[PDB]
Each structure stands twice: as C-alpha cells, then as structure tokens.
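Residue numbers (the deposited numbering): 2187 to 2307.
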C-alpha cells in the first residue's frame, strides 16, 4: 500500500509506461492487487478498491486490464453469499473511467460473460 501510493503519487513525472519490464511488473502488480482485494474488513476493502482505481486511472497506458478474474468473481452461482460483490465492484471500478469491458478478445465468450453478469443481477 505504502510503496504503491508512493510511486503512484509520482505521476506526471516517471510514468510506468514506455519501458517493457516496467510495464510487465505494473501488469503483474495490477493482476495481483485485484486477485487479493477481498478482506473480511470492509474499510480496508474499500481502501484496496481505491488503490486499484488510482492505479488504473493513473497508469492507463499499459492497459492490460485483467478480465477472467473479475469474471469468475461475479460468475459465482448459489446466491447465498456476497461472493460476487467483488467482481461487480471491480467491474464498476474499471467502468468508472472510459475503459471498455471488451470480453472475448482475451478471455471467455461475451455471450456467457454478460450472461453471468446478468444472472447475478
């Protein structure tokens, strides 16, 4: 949290883009940060979501938005647990800017991606 807040604060100067390995590390950071973003504690949960949204609206140029885990995060069935909240709220984060949720060009077919989105609707 502290080191990423520090590097993100250094925006306008030292963007993480234009360098290959810097971009790859940024992408692993993003995928890892969405991968573990669910904490039994709601305040730090909101905080982590804010970290992710700051990361994605500050980098924005090594695009690489990881689908297929937001997808499997809302794709859960048996609606008796708030397990799908993470995927829909991550999707809301990525939508909160101009990012397009173009599904089936890297992951699972839109006809079932959006299907599970609606089923949890």
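Note that the Cβ used here is the ideal one computed from N, Cα and C, for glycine as well.
If distances are taken between C-alpha atoms only, which option among 2248, 2287, 2305 and 2259 comes closest to residue 2205?
2248
Buried or exposed: which applies to residue 2245, given that a residue is buried once 16 or more other Cβ atoms fall within 10 Å of its Cβ?
With a threshold of 16 other beta carbon atoms within 10 Å, residue 2245 meets it and is buried.
Let's test the definition: count the other Cβ atoms within 10 Å of the Cβ of residue 2226 and tell me whether it reaches 16, buried, or not, exposed.
Around the beta-carbon of residue 2226, fewer than 16 other beta-carbon atoms lie within 10 Å, marking it exposed.
Look at the Cβ atom of residue 2280, then the Cβ atom of residue 2237, and state whether they are nearer than 8 Å.
no
I'd like the span of the alpha helix (DSSP H) that includes residue 2305, first residue to last.
It spans 2296-2306 - the alpha helix (DSSP H) in which residue 2305 sits, taken as one unbroken run.
Between which two residues does the alpha helix (DSSP H) containing residue 2278 stretch?
2271-2281
Using the three-state DSSP reduction, which class does residue 2192 fall into: helix, strand or coil?
helix
Assign residue 2260 to one of three DSSP states: helix, strand, or coil.
helix
With DSSP collapsed to three states, give me the class of residue 2208.
Reduced to three states, the DSSP call for residue 2208 is helix.
Suppose the cutoff is 8 Å on Cβ atoms and the five residues either side in sequence are ignored; what does the same chain contact list for residue 2197 look like?
2244
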